[PDB]
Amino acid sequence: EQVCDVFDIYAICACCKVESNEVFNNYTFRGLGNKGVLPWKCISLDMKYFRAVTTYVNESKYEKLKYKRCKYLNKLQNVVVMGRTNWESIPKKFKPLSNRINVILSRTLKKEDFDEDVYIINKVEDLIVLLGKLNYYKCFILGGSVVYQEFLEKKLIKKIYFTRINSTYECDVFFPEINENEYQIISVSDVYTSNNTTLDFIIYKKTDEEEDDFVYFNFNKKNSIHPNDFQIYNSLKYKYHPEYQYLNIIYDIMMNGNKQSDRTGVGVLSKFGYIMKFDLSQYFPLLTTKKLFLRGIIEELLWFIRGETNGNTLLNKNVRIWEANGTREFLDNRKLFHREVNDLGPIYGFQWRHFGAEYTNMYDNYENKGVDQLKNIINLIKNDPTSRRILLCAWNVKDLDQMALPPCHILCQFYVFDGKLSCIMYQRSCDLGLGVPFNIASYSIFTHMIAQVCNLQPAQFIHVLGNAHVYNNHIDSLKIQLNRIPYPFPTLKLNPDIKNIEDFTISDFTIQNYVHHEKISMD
């Protein structure tokens, strides 16, 4: 038996990023303190997390623990152990830590130096002796760095409850580099915002009549993917990070997808009908299991809003997303023989500002032709917010054959409650490997832009997938990415002075604290 399993010795900590195309890894989050105190101002959500974890006890589990500890030697409360510097960093009004047995490591200080109800120990060996004497549920080590360092060395930590604070601060002490061979992550929380920073919470691990009725009801339960190839992914117990909506859908298509061929001849695994929900109040859902850029997708969004159908505008900003859909060859295969190269026809922008107008060419002045659906939906959100008709539709059935291609992004519906704006986007055809990471980004940004110019706060972006597919040529790359653990998402900042939907320029957009795995050629 290990000492730490007998006595249930855990560590808990919160690490931020520290100062300097960078590389990220687990060691990115390592900043513990600065000049005796915490690097940040009080982040509330971490404090509530730390108290809940350090105060929680289950009495009906004590019995088996009392036995286990008895066996090894022959209201219930947890124990918390702090280094002396750590103890001094805590405000007086929080001392001793409430509903917990406070223990302090020190040489320079003795029991006579403290007014408070606390145990003083001068060595770690004496902590084990004390734990041996006391009635307690679990034992949490609270730092600081020197304390952490020596409890990791001595192999005394069964699990690390680790908060990733997704900001940079000035630091002077640091959590030890964890060894992947000693400890591996088994669990990852939802992402949250608190005090103007995103954060998440991860757990590192050291390396009943009605039950039968369940089995009964399951009496009636393909693709050559080796489960082993998802070792890390399948090892995780709690996959609550919202990036798992995407990754889990990939997994589901790999294991249960249907083999079909598409135009190209590649073939896909396909399924039909999924929903993802992302909370933009708490994070910007830019994937972290691989590197993604946003310059292009913002430039496309702005080109849409201006009503444009001219491919050259994008090419001249060196955005190439629509290049291949504009070649002589592509247009000719679409039978658009009388269409100039890079004239993509009555696509997104045109439908958003001019639905129902007769498309001529990409240079025409279509002012006051068609329905300016973008304007109308901005008006509805402002003046008729409970309308269930706030919908913006790119799929104009009449003009489909005159488009370079039909829209994948069929419609956005909007929802307003309590000064907050949510968005449903319905996607008829979803390339999971390449297209969807970008598409989540695009409509998440657009939710912010619409939200802001209508004086609402963004709430939820909801992505409804119809035909959802993984290309075969993407499978190996997705296998890799599925075995990566997401980092906390970044945030998106918009210039607040931009008060009309048409007045945004690329420099009005900032992505902050993007932490991500390495870039991936899906091919």
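Rigid core (definition): largest C-alpha set, two forms, superposition within 1.5 Å. Note that residue numbering follows the sequence shown and begins at 1.
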Stretch with larger C-alpha RMS deviation in 9 other deposited structures of this protein, core superposed, 139-147 versus 109-117 | 109-117
Give, as the answer, the stretch of 152-160 and 91-99 that departs more from the shown form in 9 other deposited structures of this protein; the measure is RMS Cα distance after a core fit.
-> 91-99
Among the other PDB entries compared that flank it on both sides, is residue 279 unmodelled in a third or more?
-> no
Any chance residue 252 is unbuilt in a third or more of the other entries we compared?
-> no
Unmodelled deposited residues flanked by residue 20 on one side and residue 21 on the other | 4 to 9
Identify the stretch, either 88-96 or 398-406, whose C-alpha atoms have the larger mean B-factor according to the entry.
-> 88-96
Stretch exceeding the other in mean C-alpha B-factor - 273-281, 315-323 = 315-323
For 124, 430, 453, 424, the deposited C-alpha B-factor is largest at 124
Deposited CA B-factor, highest of 358, 372, 329, 153 | 153
Tertile call for residue 460 (CA temperature factor, within chain, third-based) is the lowest
Residue 61: CA B-factor among chain residues, third -> highest
Classify residue 217 as lowest, middle or highest third according to the C-alpha B-factor given in the PDB entry, relative to its own chain.
-> highest
Third of the chain, ranked by Cα B-factor, where residue 68 sits | highest
Chain thirds of CA B-factor: placement of residue 491 | middle
